[PDB]
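Colleague:
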Amino acid sequence: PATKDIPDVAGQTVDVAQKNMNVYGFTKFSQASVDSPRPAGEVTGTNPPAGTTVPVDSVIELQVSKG
């Protein structure tokens, strides 16, 4: 369907990140925990990464800090 640029959601909680993803039409997410300096629970980034233009039916992986 339509394509859309993936928002930057670095630093957001998974709850918040998904709501902002939804605003762009993205609803399908996978998740993986990664070690990071960010507080546990915060998104460190996504795959595809922020700024990528993809179809809104794309699955977006949220990489999530576990500290």
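Converting from the sequence shown to my numbering requires adding 51 to each position, the first position being numbered 1. Heads up, the beta-carbon is just placed ideally off N, CA and C, and yes, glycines get one too.
DSSP three-state call for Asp-66: helix, strand or coil?
Modeller: Looking at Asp-66 - three-state DSSP - the assignment turns out to be helix.
Colleague: Just to confirm the assignment, what range does the beta strand (DSSP E) spanning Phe-80 have?
Modeller: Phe-80 -> beta strand (DSSP E) spans 80 to 85.
Colleague: Nearest-angstrom Cα distance between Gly-62 and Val-85?
Modeller: Near 13 Å, if we compare the C-alpha coordinates of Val-85 and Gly-62.
Colleague: Of the choices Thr-103, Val-65, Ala-53, whose alpha-carbon is the least far from that of residue 122?
Modeller: Since the displayed the chain opens at 52 and closes at 118, residue 122 lies outside it and no answer follows.
Colleague: Could you give the first and the last residue of the continuous beta strand (DSSP E) run that contains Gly-92?
Modeller: Neither: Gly-92 is in no beta strand (DSSP E) and is coded neither H nor E.
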